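Colleague: Handing you a structure now.
Because the Cβ atoms are built from the backbone with ideal geometry, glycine has one as well, and the counts that use them run over all protein chains shown. What follows draws every value from the coordinates through simple rules; no lab data is involved.
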Amino acid sequence: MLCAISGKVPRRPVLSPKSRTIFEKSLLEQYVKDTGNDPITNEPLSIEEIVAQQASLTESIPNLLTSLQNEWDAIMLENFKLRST
Amino acid sequence: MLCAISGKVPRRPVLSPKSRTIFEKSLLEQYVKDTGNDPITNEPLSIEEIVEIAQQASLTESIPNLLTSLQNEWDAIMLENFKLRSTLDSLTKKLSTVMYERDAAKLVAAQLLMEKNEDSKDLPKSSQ
Amino acid sequence: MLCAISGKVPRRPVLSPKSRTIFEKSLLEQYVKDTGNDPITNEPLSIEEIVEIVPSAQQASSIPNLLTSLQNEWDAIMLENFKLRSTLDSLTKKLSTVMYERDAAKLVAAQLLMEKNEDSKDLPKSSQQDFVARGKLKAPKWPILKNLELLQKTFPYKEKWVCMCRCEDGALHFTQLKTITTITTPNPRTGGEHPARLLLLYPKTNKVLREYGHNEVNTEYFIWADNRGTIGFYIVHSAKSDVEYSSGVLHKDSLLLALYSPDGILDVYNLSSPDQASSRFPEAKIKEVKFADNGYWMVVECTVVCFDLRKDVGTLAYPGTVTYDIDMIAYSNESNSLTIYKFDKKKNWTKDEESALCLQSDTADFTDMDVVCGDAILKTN
Amino acid sequence: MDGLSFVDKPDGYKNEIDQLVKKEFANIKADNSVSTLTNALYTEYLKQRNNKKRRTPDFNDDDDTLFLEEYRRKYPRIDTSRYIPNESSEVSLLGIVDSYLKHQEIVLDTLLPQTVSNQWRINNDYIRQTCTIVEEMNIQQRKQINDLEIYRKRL
């Protein structure tokens, strides 16, 4: 949603394969042309290094399972409040 | 923004350096242990080769999570894959009707290629 | 459940707070007293730095793993759905490329047909400007069917007995108690017959009564057709065609066969699939069909029409034919009389000795003689 | 193989050619137990029944409804705590996810254009080829007809 270099909403997002972070193509391209590096980690990166199943949006099976962790992990701390007291 | 295995919206996306494609960590970690290669490109890939890189508003009426929501999830998983198995079966049947009708047309063309040129040849011979 | 110094099961698991690795209290203490260090990372560590003894306090010694199990099974669900979808879309590419290319290739024909047509009118408008009678009963006269033993021996069916006769000795070897189909097994001791609703298998005895007739290539099975609209080996009919089958013959390789119909069709069947794979149309009841040993010719009668099975086309028509048989150099026909044609140039022999209908014709080995039967005599030529 | 689509400007011909193709067709003629119950559930068209118990219950019951009652309390307290942390943020948490969905949507329609352009671009190249050869075929046929009458008028 944001570009990490500028802070704007990038209109052509390209993700690097050395420091995993969504950069704007036009911004990161200039960073690479300055020096062949990734801006965050300062690891080497070139322009070529930068880059059928239909999905549906993340909503309230996997999201439901991680929800039930939050339920139990919170209730486990509720037990400590009464074990300690 | 999605995962390239399940069709998820990943909570901990990780990108492989052999083929630039973002997968959800659990699903890519499972593939590498099953058979150590990249699922899309079929290139050599390990767990160490991976490089690690969302809000859902829980409904107002959020009992239902145990009963109604969980029930719907395993209904929707069940009746989709069954219907998807139905779709795969017909594609293979409709494949056979395609290739047979294709080869049927090939024989027509081959039969007509001998027919036409010899009819044209006969007109050239007629003059004599 | 193992120490990281000796490798023993630790009965007092203590850990160093510089590198996370559970040792045993005895061994780590001996390492610290030797030199004040962590054994794995060689960092600074002392005895007081170690966290000793078990941890259970305000805890109590299910549920959490059920959710873990629910994740593990879902992990497979996703993996399965991926591989199922890949093949789904990857097959759709073949479907799409074919259908497009099919209708593309279809337009080739439409063009080709109209040009071919143009060539016709153009050129047309321009060019313009022994005889044995005692095999069967004299009082119920007639032989209705004939076969020769493939491995050597004559078999006839009579206006109700099946007879085996030896041409050399001129003796009837067996009279087996109307018969309209007969088949001689190559084993010489088995003969088969059929009639107006049984098939009978004979040794001078009938060993089976099974309730057109053709022996399968293996020698072990009989194909039959009937007026009841079925063929049998399994027993099948065509709902769509729904009519009497008038004759039946296996192709020599034993994978396909033909059945003639009362409504003038020659139906080709796949034996394994039990399906009707092709039908040859073009009048009246089919009377006889014969497959050539060349494996690609089929002759049919109702005219005698010749089919190339590689093209599924009628390449020649010779305009009562009751019986057809190839020797593959020669084709014989019989009914009103006996005629033999050379297959290469399509008539080489013509016999009219029988009085009334000829019911069967056959070639001796190497075509060294011909045989025919009639409504009482069996004749050799 | 060759059949010019752009150049060849009926339905009768499709119906005609279909019959000739039809006549030549007349001539030729990894999971565990999970998969078993899932396929059975989908085939039978029946979902496994869940716990329809917490909703109904009844006062002055027994030791069984003493449990069922105590269940309703703890879950209602969890419920009322589960509604508190939602209302605290309120609509901010919802509209923050609404923004994510707009970034997700626009990405798809960019690919709709990229496909649209390359699909029309391939067809664009084909068009020129069709018109190139269609002329050459026209040239051939004219020359064909010339000979046809030329050979006659000589004889």
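Colleague: If the only charges are +1 at each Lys and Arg Cβ and -1 at each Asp and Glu Cβ, what is the size of the charge dipole of the protein assembly as shown around the Cα centre, to the nearest 20 debye? Kindly include the intermediate steps, with their values, before the conclusion.
Modeller: Values: 95 positive and 108 negative charges, 315 e Å.
Dipole size: approximately 1520 debye.
Colleague: Using +1 at the C-beta of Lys and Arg and -1 at the C-beta of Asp and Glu, which of B:113, B:96, B:1 has the Cα lying farthest in the positive direction of the dipole of chain B?
Modeller: B:113
Colleague: Of the options C:317, C:377, C:339, report the single residue whose Cα projects farthest towards the positive end of the charge dipole of the stretch C:310-381 (beta-carbon charges: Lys, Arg +1; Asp, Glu -1).
Modeller: The Cα lying farthest towards the positive end belongs to C:317.
Colleague: Given an 8 Å cut-off on Cα distances and at least 6 residues of separation, report the relative contact order of the stretch C:1-51 as a percent.
Modeller: 32
Colleague: Using DSSP to call loops (not H, G, I, E or B), can you name the GluC sites (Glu not before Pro) in the stretch D:84-155 whose Cβ has at most 15 other Cβ atoms within 10 angstrom?
Modeller: Those that pass, being in a loop and sparsely packed, are D:90.
Colleague: Right, here's the next one. Nothing charged except the Cβ atoms of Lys and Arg (+1) and of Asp and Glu (-1): what's the magnitude of the dipole of chain B about its Cα centre? Round to the nearest 20 debye.
Modeller: On the way: 16 positive and 19 negative charges, 51 e Å.
Using only the charged Cβ atoms, the result is roughly 240 debye.
Colleague: For the stretch C:1-51, what is the convex hull (Cα atoms) projected area averaged across all directions, in square nanometres?
Modeller: 3.0
Colleague: Scale the Cα Rg of the protein assembly as shown by the rule-of-thumb value 2.2 N^0.38 Å and send over the ratio, two decimals.
Modeller: 1.57
Colleague: For the stretch C:46-175, divide the Cα radius of gyration by the Kirkwood radius and give the resulting Rg/Rh value with two decimals.
Modeller: On the Cα set of the stretch C:46-175, Rg over Rh gives 1.65.
Colleague: Taking only the alpha-carbon atoms of chain C, what semi-axes of the equivalent ellipsoid follow from 5 times the gyration tensor eigenvalues under a square root, in whole Å, largest first?
Modeller: Values: eigenvalues 1403, 225, 73 Å².
Three semi-axes, in Å: 84, 34, 19.
Colleague: So what's the net charge close to residue C:157: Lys and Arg +1, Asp and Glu -1, counting the other residues with Cβ under 12 Å from its Cβ?
Modeller: Result for the local shell: +3.
Colleague: Just tell me how shielded D:99-111 is by partners: mean number of partner chain Cβ atoms within 10 Å of each residue's Cβ, no decimals.
Modeller: 3
Colleague: Other chains' Cβ within 10 Å of D:38-51 residues: what's the mean?
Modeller: Mean shielding by partner chains, rounded to a whole number: 4.
Colleague: Here's something else I'd like to know. Could you size up the charge dipole of chain C around its Cα centre, putting +1 on the beta carbon of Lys and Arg and -1 on that of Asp and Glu, and report it in debye to the nearest 20?
Modeller: The dipole of chain C has a size of about 900 debye.
Colleague: Could you tell me which of C:126, C:76, C:51 has its Cα farthest along the dipole of the stretch C:1-136 towards the positive end, charges placed at Cβ (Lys, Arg +1; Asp, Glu -1), taken about the Cα centre?
Modeller: The residue sitting farthest along the positive end of the dipole is C:126.
Colleague: Tell me the net charge near residue D:53. Cut-off is 14 Å between Cβ atoms, residue D:53 excluded, with +1 for each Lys or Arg and -1 for each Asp or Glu.
Modeller: 0
Colleague: So what's the projected area for the stretch D:1-79, the Cα convex hull averaged over all directions, in nm²?
Modeller: Average of the hull's projected areas for the stretch D:1-79 equals 16.5 nm².
Colleague: Just checking the output field for B:104-116: average partner chain Cβ neighbours within 10 Å of each residue's Cβ?
Modeller: What the average comes to for B:104-116 is 6.
Colleague: For the stretch C:256-276 and the stretch C:109-173, what is the separation of their C-alpha centers, rounded to whole Å?
Modeller: Taking the Cα centre of the stretch C:109-173 as reference, the centre of the stretch C:256-276 is 19 Å away.
Colleague: What area, in nm² and to one decimal, does the C-alpha convex hull of the stretch D:10-154 cast on average over all directions?
Modeller: 24.2
Colleague: Report the Stokes-Einstein translational diffusion coefficient (µm² s⁻¹, integer) for the stretch C:141-275, Rh taken as the Kirkwood radius over Cα pairs, at 10 °C with viscosity 1.306 mPa s. Walk me through the numbers before you get to the answer.
Modeller: Working: Rh = 15.4 Å.
For the chosen part, D equals 103 µm²/s.
Colleague: In angstroms, what radius of gyration and Dmax does chain A have, counting Cα atoms only?
Modeller: 20.8, 62
Colleague: Given C-alpha coordinates of the stretch C:143-216, what is the ratio Rg to Rh with the Kirkwood estimate of Rh?
Modeller: 0.92
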